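Heads up, the thing below is written out as structure tokens.
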Amino acid sequence: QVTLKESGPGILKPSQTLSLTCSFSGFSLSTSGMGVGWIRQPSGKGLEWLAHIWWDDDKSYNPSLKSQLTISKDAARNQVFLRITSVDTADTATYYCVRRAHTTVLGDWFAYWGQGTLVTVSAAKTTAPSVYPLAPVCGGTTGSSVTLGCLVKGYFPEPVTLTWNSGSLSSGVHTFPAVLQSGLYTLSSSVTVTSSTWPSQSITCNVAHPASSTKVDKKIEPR
Amino acid sequence: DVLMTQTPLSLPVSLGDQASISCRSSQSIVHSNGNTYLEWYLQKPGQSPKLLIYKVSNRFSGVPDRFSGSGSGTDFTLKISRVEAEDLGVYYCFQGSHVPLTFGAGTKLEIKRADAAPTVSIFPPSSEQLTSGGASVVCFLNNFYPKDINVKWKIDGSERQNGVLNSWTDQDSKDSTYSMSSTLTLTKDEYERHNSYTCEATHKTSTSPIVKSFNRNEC
């Protein structure tokens with residue numbers, strides 16, 4: 001079959017040069033009129049076309065990024081490369097290598113994509129999170145459900161993992177996608193239980209940040 | 001550049017319904033050769049986009065015929081005759097006629113269900129965070145429908161526009177609701193300088209905001 005496989009540095013710092021590779025099979029860039037390109041997608045956002053290179057060495061670029069982009073190929077190796085100079089945090093994205101031919105005979109459409117390579121561009125250092133318990137506001141109850149929370153603040157890199165009662169409470173739970181403040185990530189999770197359950201039965205936020213070897217169990221204490 | 005405008009950006013449907021997604025281009029995408037390089041792509045979560053339709057109405061091999069592409073000039077439509085669960089995801093239109101090649105912003109095909117009011121909860125800074133020298137106030141707005149919601153934070157009765165970060169869950173696979181976390185981050189100094197902290201949520205399920213508050217001094 002035709003396959004496209006991207007590779008990249010995983011993480012780099014702002015100002016550095018991103019060098020991506022696409023290794024492919026089941027077709028040749030020496031075929032008239034074959035082409036291969038790159039499209040990226042920041043997490044949670046849309047698709048941005050970057051560049052394309054044709055069998056005859058002609059190249060096409062997104063004008064907005066022309067001063068940072070260089071696309072190239074080694075047809076003998078079945079490889080296409082993209083260089084991006086002076087990357088910054090905005091160049092954090094999944095980068096996909098795609099085939100697109102110039103004619104209808106070979107397919108002038110993006111039928112074949114790789115699975116993509118994630119590049120993180122950050123000047124952040126490995127940073128352990130602080131883990132904070134979120135107890136309901138005083139005092140009574142005063143209804144049939146109670147909601148607790150846990151705030152995981154100021155970590156790098158991703159991910160953190162969070163469970164409640166070691167997993168043994170694993171519904172009534174909403175754990176939210178991490179967001180960037182800085183620099184550093186922050187994540188929250190809420191758990192909702194029957195009012196008679198807590199504070200009488202203990203509820204604990206279990207958080208792990210592998211990259212800093214952090215493991216924290218934070219019991220939610222009533223006010 | 002050619003802007004590709006998709007309408008709507010979120011399309012709630014029930015399984016078995018007909019779905020229609022519009023895509024408009026800001027200039028013509030008839031290339032100088034005869035062709036209109038208008039494509040539709042579907043991206044399911046955790047996967048690469050997949051080609052559905054090219055040159056306006058040509059279904060790609062292996063795409064089922066419940067998918068159809070139509071239109072003319074600057075106005076295009078993707079139609080699904082009966083939505084299956086496997087079809088849920090983000091639909092992109094795209095033009096390959098003019099450089100830069102451009103995608104629309106994406107239309108998320110999602111599930112309809114009955115309106116549900118958010119359960120709103122407010123939490124003060126923890127003792128731990130305060131000893132550490134900071135102060136975050138957290139508001140959860142959980143299990144609501146539709147997805148559209150406004151949170152505002154007030155301090156001593158006055159709107160606080162700065163220092164707020166929000167996070168949203170995808171539609172729940174079991175109950176088809178949405179949830180949201182909002183955190184107001186202050187300096188410990190700012191926190192200790194004011195007393196009333198309010199999270200209010202405006203949602204179509206109420207003409208009046210849902211208001212959750214606390215007074216720091218009573219904590």
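To be explicit about the labels: the chains of the structure tokens are called A, B, and onward in the order shown, and within each one the residues are counted from 1, while ligands get numbers from 1 in the order they are shown.
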Check every residue of chain A for an atom within 9 Å of chain B, counting only C-alpha atoms, and provide those that qualify as an MDAnalysis selection string.
-> chainID A and resid 45:51 60:64 96 108:116 130:138 147:149 151 174:181 187:190 223
Distance CA of residue 97 in chain B-CA of residue 70 in chain A, one decimal place?
->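 Those two atoms sit 21.8 Å apart.
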Quote the spacing between CA of residue 161 in chain A and CA of residue 211 in chain A in Å to one decimal place.
->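 Distance reported for this atom pair: 11.4 Å.
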Find, counting only C-alpha atoms, the residue in B:206, B:95, B:217, B:81 that gets nearest to residue 17 in chain B.
-> B:81
Could you tell me, as a ChimeraX atom specification, which residues of range 140-216 of chain B DSSP assigns to helix (DSSP H, G or I) when given the backbone?
-> /B:188-193,216
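With only C-alpha atoms as the basis for measurement, B:133 is the residue among B:133, B:210, B:202, B:74 that approaches residue 190 in chain B most closely.
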Determine which residues of range 99-150 of chain B DSSP labels as strand (DSSP E or B) from the backbone of this structure, then write them out as a list in words.
->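 Written out, the strand (DSSP E or B) residues of range 99-150 of chain B are residues 102, 103, 107, 108, 109, 110, 111, 116, 119, 120, 121, 122, 123, 134, 135, 136, 137, 138, 139, 140, 141, 142, 143, 144, 145 and 150 of chain B.
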Which polymer residues have any atom within 9 Å of an atom of residue 32 in chain A, counting only C-alpha atoms, with same-chain residues fewer than 5 positions away left out, as a compact mmCIF listing (two decimals) with C-alpha atoms, in the first residue's frame?
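Result saved to selection34.txt:
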```
# COMPACT_ATOMS: atom_id res chain seq x y z
CA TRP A 54 6.82 18.24 -6.87
CA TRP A 55 8.66 15.58 -8.82
CA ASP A 56 10.34 18.25 -10.98
CA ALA A 101 -0.47 14.87 -7.27
CA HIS A 102 -0.66 17.63 -9.85
```
Any idea what's packed within 10 Å of residue 163 in chain A, counting only C-alpha atoms, ignoring anything in its chain fewer than 3 positions away? Could you give it as a PyMOL selection string?
-> chain A and resi 150+166-170+173+175+189+191+204-208+217
Which is closest to residue 107 in chain A among A:183, A:35, A:26, A:9, if we use only C-alpha atoms?
->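 Ranking A:183, A:35, A:26, A:9 by distance to residue 107 in chain A, first place goes to A:35.
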d(CA of residue 16 in chain A, CA of residue 119 in chain A) in Å |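 Going from CA of residue 16 in chain A over to CA of residue 119 in chain A covers 12.3 Å.
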Which residues come within 10 Å of residue 79 in chain B, counting only C-alpha atoms, excluding same-chain residues fewer than 4 positions away, as a PDB file with N, CA and C atoms, in the first residue's frame?
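Heads up, here's the output in around_31.pdb:
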```pdb
ATOM      1  N   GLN B  18     -30.940  13.590   8.560  1.00  0.00           N
ATOM      2  CA  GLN B  18     -30.206  14.196   7.470  1.00  0.00           C
ATOM      3  C   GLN B  18     -29.387  15.342   8.065  1.00  0.00           C
ATOM      4  N   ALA B  19     -28.133  15.488   7.626  1.00  0.00           N
ATOM      5  CA  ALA B  19     -27.266  16.604   8.019  1.00  0.00           C
ATOM      6  C   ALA B  19     -26.764  17.334   6.763  1.00  0.00           C
ATOM      7  N   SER B  20     -26.722  18.664   6.843  1.00  0.00           N
ATOM      8  CA  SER B  20     -26.214  19.500   5.766  1.00  0.00           C
ATOM      9  C   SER B  20     -25.234  20.533   6.339  1.00  0.00           C
ATOM     10  N   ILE B  21     -24.080  20.690   5.688  1.00  0.00           N
ATOM     11  CA  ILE B  21     -23.027  21.629   6.122  1.00  0.00           C
ATOM     12  C   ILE B  21     -22.671  22.499   4.934  1.00  0.00           C
ATOM     13  N   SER B  22     -22.726  23.817   5.107  1.00  0.00           N
ATOM     14  CA  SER B  22     -22.409  24.728   4.023  1.00  0.00           C
ATOM     15  C   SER B  22     -20.970  25.191   4.122  1.00  0.00           C
ATOM     16  N   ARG B  66     -24.231   7.672   1.292  1.00  0.00           N
ATOM     17  CA  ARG B  66     -24.966   8.606   2.143  1.00  0.00           C
ATOM     18  C   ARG B  66     -24.262   9.975   2.236  1.00  0.00           C
ATOM     19  N   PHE B  67     -22.963  10.005   1.946  1.00  0.00           N
ATOM     20  CA  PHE B  67     -22.234  11.260   1.747  1.00  0.00           C
ATOM     21  C   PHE B  67     -22.369  11.790   0.323  1.00  0.00           C
ATOM     22  N   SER B  68     -22.780  13.048   0.200  1.00  0.00           N
ATOM     23  CA  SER B  68     -22.855  13.701  -1.095  1.00  0.00           C
ATOM     24  C   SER B  68     -22.379  15.143  -1.022  1.00  0.00           C
ATOM     25  N   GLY B  69     -21.721  15.557  -2.097  1.00  0.00           N
ATOM     26  CA  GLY B  69     -21.170  16.888  -2.240  1.00  0.00           C
ATOM     27  C   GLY B  69     -21.843  17.572  -3.418  1.00  0.00           C
ATOM     28  N   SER B  70     -22.148  18.848  -3.249  1.00  0.00           N
ATOM     29  CA  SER B  70     -22.829  19.588  -4.275  1.00  0.00           C
ATOM     30  C   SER B  70     -22.502  21.063  -4.169  1.00  0.00           C
ATOM     31  N   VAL B  83     -27.471  10.093   9.252  1.00  0.00           N
ATOM     32  CA  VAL B  83     -26.269  10.121  10.061  1.00  0.00           C
ATOM     33  C   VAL B  83     -26.109   8.829  10.868  1.00  0.00           C
TER      34      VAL B  83
END
```
Contacts of range 66-68 of chain A within 8 Å, only C-alpha atoms, excl. fewer than 6 positions in-chain, as JSON, numbers by chain = {"A": [83, 84, 85, 86]}
For the selection just defined, write its residues with N, CA and C atoms to a file, as a PDB file, in the first residue's frame.
```pdb
ATOM      1  N   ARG A  83      12.003  22.077   6.813  1.00  0.00           N
ATOM      2  CA  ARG A  83      12.690  22.882   7.814  1.00  0.00           C
ATOM      3  C   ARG A  83      11.864  24.138   8.152  1.00  0.00           C
ATOM      4  N   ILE A  84      11.704  24.407   9.444  1.00  0.00           N
ATOM      5  CA  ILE A  84      11.114  25.671   9.905  1.00  0.00           C
ATOM      6  C   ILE A  84      12.097  26.382  10.832  1.00  0.00           C
ATOM      7  N   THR A  85      12.605  27.530  10.380  1.00  0.00           N
ATOM      8  CA  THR A  85      13.543  28.309  11.189  1.00  0.00           C
ATOM      9  C   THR A  85      12.783  29.247  12.121  1.00  0.00           C
ATOM     10  N   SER A  86      13.392  29.568  13.265  1.00  0.00           N
ATOM     11  CA  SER A  86      12.875  30.577  14.214  1.00  0.00           C
ATOM     12  C   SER A  86      11.485  30.220  14.730  1.00  0.00           C
TER      13      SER A  86
END
```
Within 7 Å of residue 118 in chain A using only C-alpha atoms, minus same-chain residues under 4 positions, as a list in words =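 Skipping anything fewer than 4 positions along the chain leaves residues 10, 93, 94 and 95 of chain A.
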